[PDB]
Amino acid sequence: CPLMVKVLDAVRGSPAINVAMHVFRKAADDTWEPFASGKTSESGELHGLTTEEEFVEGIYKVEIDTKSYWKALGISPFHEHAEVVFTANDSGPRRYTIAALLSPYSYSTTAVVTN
């Protein structure tokens, strides 16, 4: 699993469950092409987005649908979504975890890149 996403909720103190997300890869014409998508599990995780063969170097965007998550909880949010845009770089063996911590008017995101 070269790419996985972990989403946490700072209001409930829990994983953020059933959060939809879309992953895009930047194409040659500078447009965002759909690459992978899914919904977070009961543990706030989304595994199986891609494979080592498919996940080549390039610029990727992970769009997390935070607005729909907060609306389903009956809480007024600020953001339309949270976006994480990064370049995947082959240095040596790398596994990427994108983590996000959500609040109605704020979000934080970090990357955990390991061998």
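The first residue of the shown sequence is 1; numbering continues from there.
Quick one: say whether 20-28 or 89-97 has the higher mean Cα B-factor in the deposited entry.
Higher mean C-alpha B-factor in the PDB entry: 89-97.
Per the entry, where is the mean C-alpha temperature factor higher: 29-37 or 75-83?
The stretch with the larger mean CA B-factor is 29-37.
Sort the modelled residues of this chain by their C-alpha B factor and say whether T66 lands in the lowest, middle or highest third.
It belongs to the lowest third of the chain when residues are ordered by C-alpha B-factor.
By its CA B factor, does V5 count among the lowest, middle or highest third of the modelled residues in the chain?
Tercile = middle for this residue's CA B-factor.
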